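Source file upload_5.cif; content: mmCIF, C-alpha atoms and all ligand atoms.
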data_model
loop_
_atom_site.group_PDB
_atom_site.id
_atom_site.type_symbol
_atom_site.label_atom_id
_atom_site.label_comp_id
_atom_site.auth_asym_id
_atom_site.auth_seq_id
_atom_site.Cartn_x
_atom_site.Cartn_y
_atom_site.Cartn_z
ATOM 1 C CA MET A 1 15.687 10.899 21.736
ATOM 2 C CA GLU A 2 19.389 11.620 22.340
ATOM 3 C CA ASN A 3 19.852 7.848 22.094
ATOM 4 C CA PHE A 4 19.389 8.243 18.312
ATOM 5 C CA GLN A 5 21.588 10.155 15.854
ATOM 6 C CA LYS A 6 19.736 11.421 12.787
ATOM 7 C CA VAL A 7 21.650 10.546 9.615
ATOM 8 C CA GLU A 8 19.369 11.691 6.786
ATOM 9 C CA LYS A 9 15.721 12.428 6.072
ATOM 10 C CA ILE A 10 14.404 9.405 4.180
ATOM 11 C CA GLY A 11 10.746 10.435 4.034
ATOM 12 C CA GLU A 12 7.939 12.723 5.143
ATOM 13 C CA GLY A 13 4.202 12.349 5.187
ATOM 14 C CA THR A 14 0.958 12.338 7.169
ATOM 15 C CA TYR A 15 1.856 14.354 10.304
ATOM 16 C CA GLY A 16 5.117 12.413 10.315
ATOM 17 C CA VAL A 17 8.691 12.673 9.102
ATOM 18 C CA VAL A 18 10.995 9.642 8.917
ATOM 19 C CA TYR A 19 14.755 9.751 9.461
ATOM 20 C CA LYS A 20 17.507 7.205 9.062
ATOM 21 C CA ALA A 21 18.722 6.927 12.655
ATOM 22 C CA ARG A 22 21.583 5.174 14.432
ATOM 23 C CA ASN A 23 21.034 4.040 18.010
ATOM 24 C CA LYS A 24 23.959 5.727 19.776
ATOM 25 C CA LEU A 25 23.934 2.927 22.381
ATOM 26 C CA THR A 26 23.646 -0.219 20.234
ATOM 27 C CA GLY A 27 24.784 1.114 16.848
ATOM 28 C CA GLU A 28 21.655 -0.235 15.157
ATOM 29 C CA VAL A 29 20.507 1.526 11.993
ATOM 30 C CA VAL A 30 16.746 2.075 12.286
ATOM 31 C CA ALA A 31 13.915 4.108 10.783
ATOM 32 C CA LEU A 32 12.771 6.862 13.153
ATOM 33 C CA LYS A 33 9.304 8.289 12.467
ATOM 34 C CA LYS A 34 8.675 11.543 14.339
ATOM 35 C CA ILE A 35 5.026 12.442 14.992
ATOM 36 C CA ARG A 36 4.336 15.774 16.701
ATOM 37 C CA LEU A 37 1.439 15.033 19.081
ATOM 38 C CA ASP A 38 -0.536 18.228 19.692
ATOM 39 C CA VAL A 39 -1.339 12.147 22.955
ATOM 40 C CA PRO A 40 -4.370 9.978 22.197
ATOM 41 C CA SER A 41 -4.616 7.197 24.780
ATOM 42 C CA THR A 42 -6.694 5.056 22.411
ATOM 43 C CA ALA A 43 -4.160 5.359 19.578
ATOM 44 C CA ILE A 44 -1.057 4.453 21.605
ATOM 45 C CA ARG A 45 -2.695 1.131 22.474
ATOM 46 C CA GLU A 46 -3.382 0.204 18.836
ATOM 47 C CA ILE A 47 0.196 1.266 18.107
ATOM 48 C CA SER A 48 1.293 -1.185 20.812
ATOM 49 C CA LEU A 49 -0.854 -3.871 19.162
ATOM 50 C CA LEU A 50 0.994 -3.484 15.846
ATOM 51 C CA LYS A 51 4.225 -4.035 17.765
ATOM 52 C CA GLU A 52 2.925 -7.628 18.079
ATOM 53 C CA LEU A 53 2.408 -7.953 14.308
ATOM 54 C CA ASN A 54 5.180 -10.372 13.341
ATOM 55 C CA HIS A 55 5.719 -11.585 9.785
ATOM 56 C CA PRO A 56 8.732 -11.727 7.424
ATOM 57 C CA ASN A 57 6.831 -9.514 4.956
ATOM 58 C CA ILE A 58 5.972 -6.745 7.451
ATOM 59 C CA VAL A 59 8.396 -4.006 8.487
ATOM 60 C CA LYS A 60 8.846 -4.683 12.187
ATOM 61 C CA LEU A 61 7.886 -1.932 14.626
ATOM 62 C CA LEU A 62 10.811 -2.214 17.031
ATOM 63 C CA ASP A 63 9.970 0.342 19.726
ATOM 64 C CA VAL A 64 7.362 2.966 20.616
ATOM 65 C CA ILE A 65 8.714 6.001 22.471
ATOM 66 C CA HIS A 66 6.347 8.538 23.921
ATOM 67 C CA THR A 67 8.065 11.606 25.108
ATOM 68 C CA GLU A 68 6.229 14.870 25.543
ATOM 69 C CA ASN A 69 4.409 16.292 22.584
ATOM 70 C CA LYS A 70 6.101 13.735 20.363
ATOM 71 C CA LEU A 71 5.679 10.083 19.422
ATOM 72 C CA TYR A 72 8.781 8.434 18.075
ATOM 73 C CA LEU A 73 8.289 5.137 16.228
ATOM 74 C CA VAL A 74 11.388 2.998 15.645
ATOM 75 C CA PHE A 75 11.144 0.685 12.632
ATOM 76 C CA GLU A 76 13.380 -1.844 10.927
ATOM 77 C CA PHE A 77 15.402 -0.041 8.261
ATOM 78 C CA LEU A 78 15.414 -0.888 4.545
ATOM 79 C CA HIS A 79 17.319 0.875 1.781
ATOM 80 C CA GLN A 80 14.846 1.099 -1.113
ATOM 81 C CA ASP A 81 11.117 1.086 -1.781
ATOM 82 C CA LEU A 82 9.251 -0.275 -4.786
ATOM 83 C CA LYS A 83 8.780 3.234 -6.221
ATOM 84 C CA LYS A 84 12.526 3.856 -6.527
ATOM 85 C CA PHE A 85 12.930 0.358 -7.979
ATOM 86 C CA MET A 86 10.183 0.806 -10.579
ATOM 87 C CA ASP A 87 11.713 4.105 -11.694
ATOM 88 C CA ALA A 88 15.130 2.440 -12.039
ATOM 89 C CA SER A 89 13.407 -0.182 -14.239
ATOM 90 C CA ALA A 90 11.096 2.086 -16.253
ATOM 91 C CA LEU A 91 13.183 1.512 -19.400
ATOM 92 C CA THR A 92 13.901 -2.212 -18.977
ATOM 93 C CA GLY A 93 10.920 -3.460 -16.962
ATOM 94 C CA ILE A 94 10.867 -5.655 -13.863
ATOM 95 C CA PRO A 95 10.988 -9.331 -14.935
ATOM 96 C CA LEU A 96 7.780 -11.277 -14.397
ATOM 97 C CA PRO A 97 9.438 -13.799 -12.011
ATOM 98 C CA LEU A 98 10.445 -10.864 -9.800
ATOM 99 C CA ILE A 99 6.966 -9.351 -10.118
ATOM 100 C CA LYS A 100 5.383 -12.718 -9.280
ATOM 101 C CA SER A 101 7.647 -13.220 -6.252
ATOM 102 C CA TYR A 102 6.869 -9.713 -4.995
ATOM 103 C CA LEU A 103 3.104 -10.086 -5.424
ATOM 104 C CA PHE A 104 3.240 -13.478 -3.696
ATOM 105 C CA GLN A 105 5.192 -12.037 -0.753
ATOM 106 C CA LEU A 106 2.850 -9.061 -0.345
ATOM 107 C CA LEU A 107 -0.178 -11.367 -0.379
ATOM 108 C CA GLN A 108 1.405 -13.380 2.440
ATOM 109 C CA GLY A 109 1.893 -10.317 4.634
ATOM 110 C CA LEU A 110 -1.618 -9.168 3.777
ATOM 111 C CA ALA A 111 -2.983 -12.621 4.646
ATOM 112 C CA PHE A 112 -1.232 -12.361 8.014
ATOM 113 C CA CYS A 113 -2.556 -8.901 8.916
ATOM 114 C CA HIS A 114 -6.083 -9.629 7.701
ATOM 115 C CA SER A 115 -6.223 -12.776 9.836
ATOM 116 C CA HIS A 116 -5.486 -10.473 12.790
ATOM 117 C CA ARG A 117 -8.187 -8.016 11.603
ATOM 118 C CA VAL A 118 -5.562 -5.414 10.681
ATOM 119 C CA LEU A 119 -5.977 -3.191 7.630
ATOM 120 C CA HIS A 120 -3.238 -1.283 5.862
ATOM 121 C CA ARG A 121 -5.651 1.259 4.292
ATOM 122 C CA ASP A 122 -2.838 3.186 2.594
ATOM 123 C CA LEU A 123 -1.064 0.711 0.323
ATOM 124 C CA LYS A 124 1.219 2.371 -2.222
ATOM 125 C CA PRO A 125 4.573 1.617 -3.888
ATOM 126 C CA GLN A 126 6.373 4.007 -1.514
ATOM 127 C CA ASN A 127 5.098 1.838 1.372
ATOM 128 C CA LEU A 128 6.603 -1.391 -0.034
ATOM 129 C CA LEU A 129 10.241 -1.800 0.999
ATOM 130 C CA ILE A 130 12.710 -4.185 -0.645
ATOM 131 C CA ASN A 131 16.141 -5.517 0.311
ATOM 132 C CA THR A 132 18.961 -7.131 -1.658
ATOM 133 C CA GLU A 133 17.879 -10.673 -0.709
ATOM 134 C CA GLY A 134 14.724 -10.403 -2.839
ATOM 135 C CA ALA A 135 12.316 -9.779 0.043
ATOM 136 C CA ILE A 136 9.534 -7.189 0.054
ATOM 137 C CA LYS A 137 7.750 -5.921 3.167
ATOM 138 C CA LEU A 138 4.690 -3.844 3.989
ATOM 139 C CA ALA A 139 5.502 -0.525 5.666
ATOM 140 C CA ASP A 140 3.686 2.423 7.264
ATOM 141 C CA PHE A 141 0.310 0.982 8.198
ATOM 142 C CA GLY A 142 -2.512 3.518 8.354
ATOM 143 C CA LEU A 143 -4.375 3.838 11.643
ATOM 144 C CA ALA A 144 -8.170 4.061 11.650
ATOM 145 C CA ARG A 145 -7.745 7.698 12.746
ATOM 146 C CA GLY A 146 -0.974 15.160 15.431
ATOM 147 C CA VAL A 147 -0.119 18.460 13.785
ATOM 148 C CA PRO A 148 0.474 18.191 10.016
ATOM 149 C CA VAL A 149 3.919 19.176 8.795
ATOM 150 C CA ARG A 150 3.848 22.546 7.032
ATOM 151 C CA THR A 151 6.501 21.423 4.534
ATOM 152 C CA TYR A 152 3.706 19.063 3.406
ATOM 153 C CA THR A 153 3.602 15.697 1.645
ATOM 154 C CA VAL A 154 -1.721 12.825 -4.107
ATOM 155 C CA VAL A 155 -0.553 9.299 -4.969
ATOM 156 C CA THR A 156 -2.546 7.763 -2.153
ATOM 157 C CA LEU A 157 -5.570 8.541 -4.246
ATOM 158 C CA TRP A 158 -4.254 6.459 -7.166
ATOM 159 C CA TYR A 159 -4.709 3.244 -5.144
ATOM 160 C CA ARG A 160 -7.949 3.923 -3.242
ATOM 161 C CA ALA A 161 -10.659 1.299 -3.573
ATOM 162 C CA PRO A 162 -13.944 2.494 -5.131
ATOM 163 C CA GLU A 163 -15.822 1.804 -1.881
ATOM 164 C CA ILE A 164 -13.677 4.325 0.004
ATOM 165 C CA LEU A 165 -14.162 6.861 -2.803
ATOM 166 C CA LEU A 166 -17.937 6.294 -2.763
ATOM 167 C CA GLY A 167 -18.081 7.188 0.933
ATOM 168 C CA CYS A 168 -18.113 3.830 2.721
ATOM 169 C CA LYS A 169 -17.284 4.503 6.371
ATOM 170 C CA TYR A 170 -16.548 0.895 7.420
ATOM 171 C CA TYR A 171 -13.652 -0.497 5.392
ATOM 172 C CA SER A 172 -12.984 -4.185 4.859
ATOM 173 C CA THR A 173 -9.759 -6.020 4.077
ATOM 174 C CA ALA A 174 -10.744 -5.761 0.395
ATOM 175 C CA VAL A 175 -9.457 -2.173 0.234
ATOM 176 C CA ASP A 176 -5.890 -3.472 0.585
ATOM 177 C CA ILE A 177 -6.422 -6.107 -2.116
ATOM 178 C CA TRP A 178 -7.593 -3.389 -4.517
ATOM 179 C CA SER A 179 -4.483 -1.295 -3.870
ATOM 180 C CA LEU A 180 -2.301 -4.350 -4.473
ATOM 181 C CA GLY A 181 -4.009 -4.963 -7.812
ATOM 182 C CA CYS A 182 -3.177 -1.415 -8.891
ATOM 183 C CA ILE A 183 0.430 -1.931 -7.805
ATOM 184 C CA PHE A 184 0.495 -5.271 -9.635
ATOM 185 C CA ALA A 185 -0.631 -3.613 -12.884
ATOM 186 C CA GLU A 186 1.833 -0.737 -12.387
ATOM 187 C CA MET A 187 4.752 -3.159 -12.064
ATOM 188 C CA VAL A 188 3.829 -4.911 -15.315
ATOM 189 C CA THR A 189 3.035 -1.918 -17.532
ATOM 190 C CA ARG A 190 5.458 0.539 -15.842
ATOM 191 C CA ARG A 191 2.577 3.033 -15.715
ATOM 192 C CA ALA A 192 0.032 3.990 -13.076
ATOM 193 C CA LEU A 193 -3.295 2.201 -13.458
ATOM 194 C CA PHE A 194 -5.627 5.024 -12.337
ATOM 195 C CA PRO A 195 -3.557 8.218 -11.891
ATOM 196 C CA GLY A 196 -6.386 10.548 -10.915
ATOM 197 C CA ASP A 197 -6.122 14.190 -9.890
ATOM 198 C CA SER A 198 -9.255 14.519 -7.727
ATOM 199 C CA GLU A 199 -11.614 12.205 -5.875
ATOM 200 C CA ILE A 200 -14.008 12.266 -8.831
ATOM 201 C CA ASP A 201 -11.305 11.965 -11.503
ATOM 202 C CA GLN A 202 -9.988 8.915 -9.651
ATOM 203 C CA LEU A 203 -13.521 7.504 -9.658
ATOM 204 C CA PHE A 204 -14.100 8.354 -13.323
ATOM 205 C CA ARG A 205 -10.743 6.918 -14.420
ATOM 206 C CA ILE A 206 -11.777 3.648 -12.781
ATOM 207 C CA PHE A 207 -15.208 3.890 -14.436
ATOM 208 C CA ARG A 208 -13.669 4.534 -17.863
ATOM 209 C CA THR A 209 -11.639 1.310 -17.544
ATOM 210 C CA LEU A 210 -13.768 -1.170 -15.568
ATOM 211 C CA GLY A 211 -17.153 0.266 -16.586
ATOM 212 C CA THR A 212 -19.572 2.255 -14.444
ATOM 213 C CA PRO A 213 -20.860 -0.064 -11.688
ATOM 214 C CA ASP A 214 -24.564 -0.777 -11.255
ATOM 215 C CA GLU A 215 -26.765 -2.940 -9.023
ATOM 216 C CA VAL A 216 -25.968 -5.925 -11.280
ATOM 217 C CA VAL A 217 -22.241 -6.269 -10.579
ATOM 218 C CA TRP A 218 -22.255 -4.335 -7.268
ATOM 219 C CA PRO A 219 -25.554 -4.727 -5.379
ATOM 220 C CA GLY A 220 -26.033 -1.717 -3.127
ATOM 221 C CA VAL A 221 -23.694 0.673 -4.941
ATOM 222 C CA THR A 222 -26.533 3.104 -5.673
ATOM 223 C CA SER A 223 -27.247 3.389 -1.930
ATOM 224 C CA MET A 224 -23.674 4.445 -1.149
ATOM 225 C CA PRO A 225 -23.245 7.933 0.368
ATOM 226 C CA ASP A 226 -21.133 9.653 -2.309
ATOM 227 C CA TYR A 227 -22.852 7.826 -5.173
ATOM 228 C CA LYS A 228 -24.755 10.016 -7.626
ATOM 229 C CA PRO A 229 -27.341 8.802 -10.182
ATOM 230 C CA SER A 230 -25.846 11.412 -12.538
ATOM 231 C CA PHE A 231 -22.611 9.442 -12.989
ATOM 232 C CA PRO A 232 -21.629 8.933 -16.640
ATOM 233 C CA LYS A 233 -22.241 5.389 -17.875
ATOM 234 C CA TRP A 234 -18.985 4.195 -19.440
ATOM 235 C CA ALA A 235 -18.421 0.777 -20.981
ATOM 236 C CA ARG A 236 -15.909 -1.678 -19.551
ATOM 237 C CA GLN A 237 -12.689 -1.991 -21.539
ATOM 238 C CA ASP A 238 -10.918 -5.229 -22.387
ATOM 239 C CA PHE A 239 -8.365 -6.423 -19.844
ATOM 240 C CA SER A 240 -5.921 -7.206 -22.664
ATOM 241 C CA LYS A 241 -5.656 -3.427 -23.142
ATOM 242 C CA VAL A 242 -5.098 -2.730 -19.435
ATOM 243 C CA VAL A 243 -2.034 -4.964 -18.914
ATOM 244 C CA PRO A 244 -1.068 -5.942 -22.478
ATOM 245 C CA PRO A 245 2.040 -8.014 -21.620
ATOM 246 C CA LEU A 246 0.490 -10.099 -18.852
ATOM 247 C CA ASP A 247 -0.600 -13.716 -19.317
ATOM 248 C CA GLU A 248 -4.124 -15.052 -18.841
ATOM 249 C CA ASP A 249 -3.368 -16.268 -15.305
ATOM 250 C CA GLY A 250 -2.225 -12.828 -14.181
ATOM 251 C CA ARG A 251 -5.048 -11.023 -15.974
ATOM 252 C CA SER A 252 -7.423 -13.492 -14.323
ATOM 253 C CA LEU A 253 -5.884 -12.895 -10.890
ATOM 254 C CA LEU A 254 -5.767 -9.129 -11.469
ATOM 255 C CA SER A 255 -9.447 -9.086 -12.476
ATOM 256 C CA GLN A 256 -10.459 -10.699 -9.168
ATOM 257 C CA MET A 257 -8.492 -8.166 -7.121
ATOM 258 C CA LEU A 258 -10.139 -5.350 -9.118
ATOM 259 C CA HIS A 259 -13.739 -6.449 -8.537
ATOM 260 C CA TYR A 260 -16.126 -3.603 -7.777
ATOM 261 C CA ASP A 261 -18.048 -5.520 -5.111
ATOM 262 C CA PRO A 262 -15.722 -5.843 -2.087
ATOM 263 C CA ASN A 263 -17.560 -9.050 -1.176
ATOM 264 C CA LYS A 264 -16.663 -10.525 -4.579
ATOM 265 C CA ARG A 265 -13.047 -9.315 -4.436
ATOM 266 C CA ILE A 266 -10.565 -12.126 -3.840
ATOM 267 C CA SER A 267 -9.023 -12.475 -0.397
ATOM 268 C CA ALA A 268 -5.284 -12.559 0.230
ATOM 269 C CA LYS A 269 -5.619 -16.182 1.371
ATOM 270 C CA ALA A 270 -7.477 -17.299 -1.758
ATOM 271 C CA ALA A 271 -5.128 -15.320 -4.014
ATOM 272 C CA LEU A 272 -2.158 -17.355 -2.755
ATOM 273 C CA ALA A 273 -3.776 -20.483 -4.242
ATOM 274 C CA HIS A 274 -4.231 -18.913 -7.682
ATOM 275 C CA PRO A 275 -2.565 -20.929 -10.485
ATOM 276 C CA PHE A 276 -0.580 -17.788 -11.380
ATOM 277 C CA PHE A 277 1.732 -18.711 -8.471
ATOM 278 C CA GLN A 278 2.189 -22.313 -9.630
ATOM 279 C CA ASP A 279 5.809 -21.674 -10.680
ATOM 280 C CA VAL A 280 6.488 -18.883 -8.185
ATOM 281 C CA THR A 281 10.143 -18.545 -7.191
ATOM 282 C CA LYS A 282 12.264 -15.980 -5.311
ATOM 283 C CA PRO A 283 14.680 -14.134 -7.596
ATOM 284 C CA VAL A 284 17.040 -11.437 -6.380
ATOM 285 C CA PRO A 285 16.826 -7.833 -7.626
ATOM 286 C CA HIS A 286 19.657 -5.652 -8.901
ATOM 287 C CA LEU A 287 19.622 -2.831 -6.355
ATOM 288 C CA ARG A 288 21.953 0.173 -6.294
ATOM 289 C CA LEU A 289 22.052 1.205 -2.635
HETATM 290 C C1 LIG B 301 12.929 7.619 -0.056
HETATM 291 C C2 LIG B 301 12.670 6.792 -1.316
HETATM 292 S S1 LIG B 301 13.863 5.430 -1.410
HETATM 293 O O1 LIG B 301 13.354 4.364 -2.199
HETATM 294 O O2 LIG B 301 15.180 5.923 -1.617
HETATM 295 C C3 LIG B 301 13.932 4.763 0.217
HETATM 296 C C4 LIG B 301 12.888 4.008 0.723
HETATM 297 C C5 LIG B 301 12.964 3.487 2.002
HETATM 298 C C6 LIG B 301 14.085 3.736 2.786
HETATM 299 N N1 LIG B 301 14.214 3.217 4.083
HETATM 300 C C7 LIG B 301 13.182 2.960 4.973
HETATM 301 N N2 LIG B 301 13.410 2.052 5.916
HETATM 302 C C8 LIG B 301 12.497 1.745 6.818
HETATM 303 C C9 LIG B 301 11.271 2.415 6.770
HETATM 304 C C10 LIG B 301 10.208 2.144 7.730
HETATM 305 C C11 LIG B 301 9.051 2.843 7.612
HETATM 306 CL CL1 LIG B 301 7.756 2.557 8.732
HETATM 307 C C12 LIG B 301 8.882 3.797 6.585
HETATM 308 O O3 LIG B 301 7.810 4.381 6.547
HETATM 309 N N3 LIG B 301 9.865 4.055 5.685
HETATM 310 C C13 LIG B 301 9.727 5.037 4.590
HETATM 311 C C14 LIG B 301 8.588 4.657 3.619
HETATM 312 C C15 LIG B 301 7.571 5.816 3.678
HETATM 313 C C16 LIG B 301 8.427 7.047 4.071
HETATM 314 C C17 LIG B 301 9.438 6.470 5.095
HETATM 315 C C18 LIG B 301 11.059 3.381 5.760
HETATM 316 N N4 LIG B 301 12.039 3.624 4.896
HETATM 317 C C19 LIG B 301 15.133 4.487 2.264
HETATM 318 C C20 LIG B 301 16.364 4.763 3.086
HETATM 319 C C21 LIG B 301 15.052 5.001 0.988
#
Take the structure from the file and write it as structure tokens.
Ligand SMILES: CCS(=O)(=O)c1ccc(Nc2ncc3cc(Cl)c(=O)n(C4CCCC4)c3n2)c(C)c1
Amino acid sequence: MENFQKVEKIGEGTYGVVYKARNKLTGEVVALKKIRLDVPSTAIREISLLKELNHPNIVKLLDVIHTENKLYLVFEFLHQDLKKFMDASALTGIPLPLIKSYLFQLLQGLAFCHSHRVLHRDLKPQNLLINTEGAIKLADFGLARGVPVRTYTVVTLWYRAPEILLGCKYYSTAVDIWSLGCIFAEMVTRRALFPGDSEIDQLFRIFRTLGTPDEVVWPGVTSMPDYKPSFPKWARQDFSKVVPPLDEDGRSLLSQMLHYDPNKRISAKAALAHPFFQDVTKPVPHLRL
């Protein structure tokens, strides 16, 4: 609304485009997500329920403005996401204390949302915002269900859990833990874990690494909707080849977040007690804003 002055386009995506905005009344710098609605009464309640989500590791939804065929969402503004930070460290590598602090902070925000029965669904490095004080926050939570922008926004697929790719309709909190494990491996190796091009290439890249799942490790996988008995049967690779710098504690923790069975996958709460975070600290990054 005229109360906000658009400064620059900082993003674009699913039916939504995000601007850096300045509240002309208060002077506050905020993130303004514009969603062309062409109004779901059910949705604007769940949006109002995420306004109550309150945690230092979650980008705060400040205000919800419904005006005509548009839904404006005002968020707390941050200057950089984890994707821009990983690119700026592709040659040097993020130090493990900074990686460990980040993973610890994201597991806290995940443990907060999951205790409120709130999924993120669409966890990716572009959705993880960082500041200069060493904090990292979860951003842009995906609703369970506007007009798509024609200018358009592939990398969401790289972090999808295998249960979503196999056609499970009822997601659990384990889908967010899987995405975090892929992000955790990407931070260490400075390379995407499963950079697939299609739904089946994403599935087969996971199969080539973790082995093709069966009823032994994932009971009920053969009864999943998009499962096919004609899947190739690949052998599981060694975890020391997946993340070849990481220590045994991290590889252990990463292996539990990458379990095929969502019921065997580690929860955010249990992950916080993993010995990998025994010496967890909070270092500061070197950001160029
Ligand atoms: C552009 C790459 S970057 O690293 O330069 C960069 C990254 C982040 C931000 N800021 C920022 N601040 C607050 C939010 C709040 C929400 Cl909800 C949100 O979705 N996003 C974006 C993340 C997904 C697309 C919009 C936000 N972005 C800036 C200025 C640059």
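Each of A:129, A:65, A:43, A:86 was compared to residue 143 (chain A) using only C-alpha atoms, and A:43 turns out to be the nearest.
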Throw together the list of residues within 9 Å of ligand LIG 301 (chain B), counting all atoms listed in the file, and drop it here as a PDB file with C-alpha atoms, keeping the file's coordinate frame.
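Output below, filename part.pdb:
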ATOM      1  CA  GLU A   8      19.369  11.691   6.786  1.00  0.00           C
ATOM      2  CA  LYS A   9      15.721  12.428   6.072  1.00  0.00           C
ATOM      3  CA  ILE A  10      14.404   9.405   4.180  1.00  0.00           C
ATOM      4  CA  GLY A  11      10.746  10.435   4.034  1.00  0.00           C
ATOM      5  CA  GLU A  12       7.939  12.723   5.143  1.00  0.00           C
ATOM      6  CA  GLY A  13       4.202  12.349   5.187  1.00  0.00           C
ATOM      7  CA  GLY A  16       5.117  12.413  10.315  1.00  0.00           C
ATOM      8  CA  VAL A  17       8.691  12.673   9.102  1.00  0.00           C
ATOM      9  CA  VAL A  18      10.995   9.642   8.917  1.00  0.00           C
ATOM     10  CA  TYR A  19      14.755   9.751   9.461  1.00  0.00           C
ATOM     11  CA  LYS A  20      17.507   7.205   9.062  1.00  0.00           C
ATOM     12  CA  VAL A  30      16.746   2.075  12.286  1.00  0.00           C
ATOM     13  CA  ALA A  31      13.915   4.108  10.783  1.00  0.00           C
ATOM     14  CA  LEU A  32      12.771   6.862  13.153  1.00  0.00           C
ATOM     15  CA  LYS A  33       9.304   8.289  12.467  1.00  0.00           C
ATOM     16  CA  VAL A  59       8.396  -4.006   8.487  1.00  0.00           C
ATOM     17  CA  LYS A  60       8.846  -4.683  12.187  1.00  0.00           C
ATOM     18  CA  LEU A  61       7.886  -1.932  14.626  1.00  0.00           C
ATOM     19  CA  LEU A  73       8.289   5.137  16.228  1.00  0.00           C
ATOM     20  CA  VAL A  74      11.388   2.998  15.645  1.00  0.00           C
ATOM     21  CA  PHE A  75      11.144   0.685  12.632  1.00  0.00           C
ATOM     22  CA  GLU A  76      13.380  -1.844  10.927  1.00  0.00           C
ATOM     23  CA  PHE A  77      15.402  -0.041   8.261  1.00  0.00           C
ATOM     24  CA  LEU A  78      15.414  -0.888   4.545  1.00  0.00           C
ATOM     25  CA  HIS A  79      17.319   0.875   1.781  1.00  0.00           C
ATOM     26  CA  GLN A  80      14.846   1.099  -1.113  1.00  0.00           C
ATOM     27  CA  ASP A  81      11.117   1.086  -1.781  1.00  0.00           C
ATOM     28  CA  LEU A  82       9.251  -0.275  -4.786  1.00  0.00           C
ATOM     29  CA  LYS A  83       8.780   3.234  -6.221  1.00  0.00           C
ATOM     30  CA  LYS A  84      12.526   3.856  -6.527  1.00  0.00           C
ATOM     31  CA  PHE A  85      12.930   0.358  -7.979  1.00  0.00           C
ATOM     32  CA  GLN A 126       6.373   4.007  -1.514  1.00  0.00           C
ATOM     33  CA  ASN A 127       5.098   1.838   1.372  1.00  0.00           C
ATOM     34  CA  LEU A 128       6.603  -1.391  -0.034  1.00  0.00           C
ATOM     35  CA  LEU A 129      10.241  -1.800   0.999  1.00  0.00           C
ATOM     36  CA  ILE A 130      12.710  -4.185  -0.645  1.00  0.00           C
ATOM     37  CA  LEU A 138       4.690  -3.844   3.989  1.00  0.00           C
ATOM     38  CA  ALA A 139       5.502  -0.525   5.666  1.00  0.00           C
ATOM     39  CA  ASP A 140       3.686   2.423   7.264  1.00  0.00           C
ATOM     40  CA  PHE A 141       0.310   0.982   8.198  1.00  0.00           C
ATOM     41  CA  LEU A 289      22.052   1.205  -2.635  1.00  0.00           C
TER      42      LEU A 289
END
Residue among A:201, A:28, A:215, A:241 lying closest to residue 62 (chain A), counting all atoms listed in the file: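 Among A:201, A:28, A:215, A:241, it is A:28 that comes nearest to residue 62 (chain A).
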Looking at only C-alpha atoms, which of A:175, A:21, A:203, A:106 is the one that sits closest to residue 5 (chain A)? A:21
Could you state which residues are captured by the PyMOL selection byres (((chain A and resi 286) around 10) and not hetatm) in this file, as a PyMOL selection string? chain A and resi 85+88-89+131-134+283-285+287-289
To one decimal place, how far is CA of residue 4 (chain A) from CA of residue 50 (chain A) in Å?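 Calculated distance between CA of residue 4 (chain A) and CA of residue 50 (chain A) is 22.0 Å.
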Quick one: contact table of region 43-109 of chain A to region 254-268 of chain A, 12 Å max, nearest atom pair and distance in Å to one decimal per residue, counting only C-alpha atoms, chain and number order, as a tab-separated table?
residue	atom	partner	partner_atom	distance
A:100	CA	A:254	CA	11.9
A:103	CA	A:268	CA	10.4
A:104	CA	A:268	CA	9.4
A:105	CA	A:268	CA	10.5
A:106	CA	A:268	CA	8.9
A:107	CA	A:268	CA	5.3
A:108	CA	A:268	CA	7.1
A:109	CA	A:268	CA	8.7
Determine the residue set returned by the PyMOL selection byres (((chain A and resi 183) around 8) and not hetatm) for the present structure, and present it as an NGL selection string. :A and (124-125 or 159 or 179-182 or 184-187 or 192-193)
List the residues selected by the PyMOL selection byres (((chain A and resi 112) around 12) and not hetatm) in the file shown, writing them as a PyMOL selection string. chain A and resi 52-58+105-111+113-120+138+173+267-269+272
Would you mind exporting C-alpha atoms of the selected residues as a tab-separated table (two decimals), in the frame of the given file?
chain	number	residue	atom	x	y	z
A	52	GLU	CA	2.92	-7.63	18.08
A	53	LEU	CA	2.41	-7.95	14.31
A	54	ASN	CA	5.18	-10.37	13.34
A	55	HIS	CA	5.72	-11.58	9.78
A	56	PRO	CA	8.73	-11.73	7.42
A	57	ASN	CA	6.83	-9.51	4.96
A	58	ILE	CA	5.97	-6.74	7.45
A	105	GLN	CA	5.19	-12.04	-0.75
A	106	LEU	CA	2.85	-9.06	-0.34
A	107	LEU	CA	-0.18	-11.37	-0.38
A	108	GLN	CA	1.40	-13.38	2.44
A	109	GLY	CA	1.89	-10.32	4.63
A	110	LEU	CA	-1.62	-9.17	3.78
A	111	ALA	CA	-2.98	-12.62	4.65
A	113	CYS	CA	-2.56	-8.90	8.92
A	114	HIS	CA	-6.08	-9.63	7.70
A	115	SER	CA	-6.22	-12.78	9.84
A	116	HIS	CA	-5.49	-10.47	12.79
A	117	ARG	CA	-8.19	-8.02	11.60
A	118	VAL	CA	-5.56	-5.41	10.68
A	119	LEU	CA	-5.98	-3.19	7.63
A	120	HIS	CA	-3.24	-1.28	5.86
A	138	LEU	CA	4.69	-3.84	3.99
A	173	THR	CA	-9.76	-6.02	4.08
A	267	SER	CA	-9.02	-12.48	-0.40
A	268	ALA	CA	-5.28	-12.56	0.23
A	269	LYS	CA	-5.62	-16.18	1.37
A	272	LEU	CA	-2.16	-17.36	-2.76
At a cut-off of 6 Å from (-7.7, -9.7, -18.3) in the coordinates of the file, what residues are picked up using only C-alpha atoms, written as a PDB file with C-alpha atoms, in the coordinates of the input?
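Saved to point37.pdb:
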ATOM      1  CA  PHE A 239      -8.365  -6.423 -19.844  1.00  0.00           C
ATOM      2  CA  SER A 240      -5.921  -7.206 -22.664  1.00  0.00           C
ATOM      3  CA  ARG A 251      -5.048 -11.023 -15.974  1.00  0.00           C
ATOM      4  CA  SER A 252      -7.423 -13.492 -14.323  1.00  0.00           C
TER       5      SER A 252
END
